[PDB]
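Reading through the structure tokens given below for one structure.
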Amino acid sequence: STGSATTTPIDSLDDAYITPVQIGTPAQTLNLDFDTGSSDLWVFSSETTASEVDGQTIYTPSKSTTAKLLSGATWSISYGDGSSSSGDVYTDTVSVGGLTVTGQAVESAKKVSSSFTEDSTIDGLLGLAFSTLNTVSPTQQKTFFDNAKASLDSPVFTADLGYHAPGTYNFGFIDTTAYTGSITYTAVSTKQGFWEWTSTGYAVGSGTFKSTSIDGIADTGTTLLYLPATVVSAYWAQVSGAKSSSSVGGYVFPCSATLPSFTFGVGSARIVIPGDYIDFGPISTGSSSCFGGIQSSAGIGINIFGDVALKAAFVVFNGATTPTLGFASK
Ligand SMILES: O=C(NNC1=NCCC1)c1ccc(Br)cc1
């Protein structure tokens, strides 16, 4: 089997991407944030505290003939941005882009934190990291990908995120028309439950490439590119007037600037992030200070190749017995 679904930016900044997902019988379509940095499929629901729902589409398990309470199971998750959610669990039929899994754990939110409430466009998350990170207790549950894997034509999914435009998540096949040149594959460590890999270095603009190992995760659920402070300082030093602002919470730059590109290494290959991808716009409405898309990972404990980086590439998440990651230009 295979599946193919379009993923769409939630706003003009590409702050996140949403992908329609069919849950239950008859189908209830919710727009979920596909997150390769976590491993829970959770949704706003008929169980979500009413004051914490503001415009989202909800899953109502009582209206699904295939929903079953997973008795005794609860879940609770915190994300890197300080957001969180928790609740109980159903199993139900879940389809993405024509690919169907029966018996998928669908985690129903009883509580969500304010950032989720305030984002009317995201109806939940669909985790695509390794199932060892799944938070369901007392019986950990599998991700949609892990449940689908054995049925897939090939045990892979791909992320092809757009810059200010829709893109695609494919399951079970590599669309050879969706990228240019060749795909360079690189080793993955699953020891922390993430798609963790080692970039071979970077360049800023037209500058020389610096060969240096940068361990990080491929995380579709993080907006920005978080890299070591040395690397980030070297980037922003090339932008007149750029500075790290403790009050704003990171690097800012004059909105009048033209940003340089940023290149990262994948083995001997190179992925170039155009400068425009690194512009996250005014820090507040009407401001001439703009927020940068490359920020320091200091204090995170790991580097994060979030959407800013991933959307510059066609990315293969190879879930074979020994997982790997592939990157191609596009
Ligand atoms: O939470 C993480 N990724 N997903 C999402 N973030 C916000 C909503 C979804 C995340 C994962 C690993 C590390 Br290290 C830091 C952050």
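All chain A residue numbers match Swiss-Prot; in order, they span 90-419.
Any Cβ shown, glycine's included, is placed from N, Cα and C.
According to Swiss-Prot, the feature domain 'Peptidase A1' maps to 106-417.
If you look up Swiss-Prot, you'll see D124 (among others) marked as active site. In three-state terms derived from DSSP, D124 (active site) belongs to an extended strand segment.
Sequence annotations record features per position, and here Swiss-Prot assigns active site to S288 (among others). Within 10 Å of the C-beta atom of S288 (active site) sit 22 other C-beta atoms, taking all shown protein chains into account.
Residues or ranges marked as disulfide bond in Swiss-Prot: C344-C379. Look at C379 (disulfide bond): DSSP puts it in a strand. Counting every protein chain shown, the number of other Cβ atoms lying within 10 Å of the Cβ of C379 (disulfide bond) is 22.
In space, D124 is the closest of the recorded positions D124, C344, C379 to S288 (active site), judged by Cα positions. The secondary structure of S288 (active site), as reduced to three states from DSSP, is extended strand. The recorded positions near ligand 1, defined by a Cβ under 6 Å from one of its atoms, do not include any of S288, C344, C379. Comparing the recorded positions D124, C344 on other C-beta atoms within 10 angstroms of each C-beta gives the minimum for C344. Following the DSSP three-state reduction, the secondary structure of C344 (disulfide bond) is coil.
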